[PDB]
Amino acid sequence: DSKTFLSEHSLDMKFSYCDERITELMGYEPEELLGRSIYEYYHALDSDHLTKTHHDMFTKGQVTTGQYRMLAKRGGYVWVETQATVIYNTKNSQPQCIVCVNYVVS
C-alpha cells in the first residue's frame, strides 16, 4: 500500500512509466526517471544478481528480485524487492515491456 510503487520499463529496463508514489518513498518525480535505465540507481553490489534475475525474466515470464538497495534522491539507499512481469505482443508473442511492482522493505 504505502510502501509500493508501480513502474513500467522498456526491454532494456529504462523507465517508460513510474507511479507517483515513488516521490514519497525515494524523492524522485516520475518525470526525472523517464528514459533512464534503472541500473543507474541500483547499488553497485546488487547490480550483478539483478542482471542475472532480468536475464531469467525473459525465460520465465515473471521473476522476483529479492532484496536490493536503490539510491534515493536524498538520504542514501532504500531496500527494495521487485516483482517483474513481461508483457507480450499478442501477434508475434514477442516481449513488449516490463511491468514492475516495487516495494520498499527499509
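In this text, residue numbers run from 1 along the sequence as written.
- Between 63 to 71 and 22 to 30, it is 22 to 30 that carries the larger average Cα temperature factor according to the deposited entry.
- Here 85 to 93 and 13 to 21 are compared by their mean Cα B-factor, and 85 to 93 comes out higher.
- When the modelled residues of the chain are ordered by C-alpha B-factor, residue 102 sits in the lowest third.
- Residue-level temperature factors show residue 78 in the middle third of its chain, judged at the C-alpha atom.
- Per the PDB record, residue ranking by Cα B-factor puts residue 39 in the lowest third of the chain.
- Among the modelled residues of its chain, residue 7 has a C-alpha B-factor that falls in the lowest third according to the deposited record.
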